[PDB]
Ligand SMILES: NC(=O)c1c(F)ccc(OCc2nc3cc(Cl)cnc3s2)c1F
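Below you'll find only one chain, the form deposited without this ligand, shown as structure tokens.
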């Protein structure tokens, strides 16, 4: 199953560049922008410049109608770059001109083409003002009605989880953790055949046309290693929705040879309780003898 990560706008490409510098293998990146000046500094193995005649190589100057029309008009090259993909993550800063307008349509392209399409967008800092927060909003709703399932990140939460000293690029990286977690997690299920296996059909089942989504990976060792990992796993302070009310869950548990039944049940109960609802849970496990004292819980939860 081939996974493609698509940045749309400068935000999206920064997202991409950081994720490359982090090193993610067996995921194919695509950078997409109106701004040529940007794309020239992207590390993406594949780049697509859109709205060329609309903007002559400049960004969309905070009118999304431009990013929209731009992409809608470079559809065919986009499609060629997409093709061969089973799942696509569409990543974008909402509020700009390019992202807000083009991103909803990259994903609508991606959905019609048949891909399982996950939106991962940022809402902007309150300090960017009301007007941007509203353009951002319009984007997010287009993105919701355009994808299978959407992840939203109000940028303001960074200010809540950062200390007064943290460089800006660090805060943005911490926001990247969401995308990195989903991508690494799914990539990992797909690549490994478990004792109780999860595969891509399960991903399709919990993620197709489900609205809001949470994606986590939690890692821990110690006494309560399984409760602690499942608790790390299901908890971003960076999201718009919590886990509560979830209606679909896919959950994988990876451990060494001492992975107990009792504690697999314990992590699964962390989750099942946490939704506060009768869930459709699909459950899987992997015993990786390399792993010594630590376990990793991968959780993907939708249905809000």
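Only the largest set of C-alpha atoms that superpose within 1.5 Å between the two forms is called the rigid core. Residue numbers count along the first chain shown, from 1.
- Comparing the two stretches 252 to 260 and 274 to 282 by root mean square C-alpha distance in 4 other deposited structures of this protein, with all structures fitted on the core, the more displaced one is 274 to 282.
- Of the two segments 230 to 238 and 98 to 106, the one whose CA positions lie farther from the displayed form in 4 other deposited structures of this protein, once all are superposed on the rigid core, is 230 to 238.
- Comparing 118 to 126 with 142 to 150, the higher mean C-alpha B-factor in the PDB entry belongs to 142 to 150.
- With 263 to 271 and 66 to 74 compared on mean CA B-factor from the PDB entry, the stretch scoring higher is 66 to 74.
- When the C-alpha B-factors of 31, 250, 253, 238 are ranked from the entry, the top spot goes to 31.
- Among the modelled residues of its chain, residue 80 has a C-alpha B-factor that falls in the highest third, as given in the PDB entry.
- In this PDB entry, residue 223 carries a Cα temperature factor that places it within the highest third of its chain's modelled residues.
- When the modelled residues of the chain are ordered by their C-alpha B factor, residue 280 lands in the middle third.
- Residue 87: CA B factor in the highest third of modelled residues in this chain (values from the PDB entry).
- Ranked by C-alpha B-factor against the other modelled residues of its chain, residue 113 falls in the highest third.
What comes next is about the form deposited with this ligand bound, which does not appear here.
- Contact here is defined as any heavy atom lying within 4.5 Å of this ligand in the bound PDB entry, and by that definition not a single one of 255, 258 and 268 is a contact residue.
- Heavy atoms within 4.5 Å of this ligand in the bound PDB entry are found in exactly one of 81 to 89, 159 to 167, 223 to 231, 185 to 193, that being 185 to 193.
- This chain lacks the partner; the member of 217, 142, 152, 116 within 4.5 angstroms of this ligand in the bound PDB entry by a non-hydrogen atom is 217.
- Using a 4.5 angstroms limit between non-hydrogen atoms, residue 5 is distant from this ligand in the bound PDB entry.
- Not displayed here, this ligand is kept clear of residue 212 by more than 4.5 Å at the level of heavy atoms in the bound PDB entry.
- At least one heavy atom of residue 197 is located within 4.5 Å of this ligand in the bound PDB entry.
- Taking non-hydrogen atoms only, residue 285 approaches this ligand to within 4.5 angstroms in the bound PDB entry.
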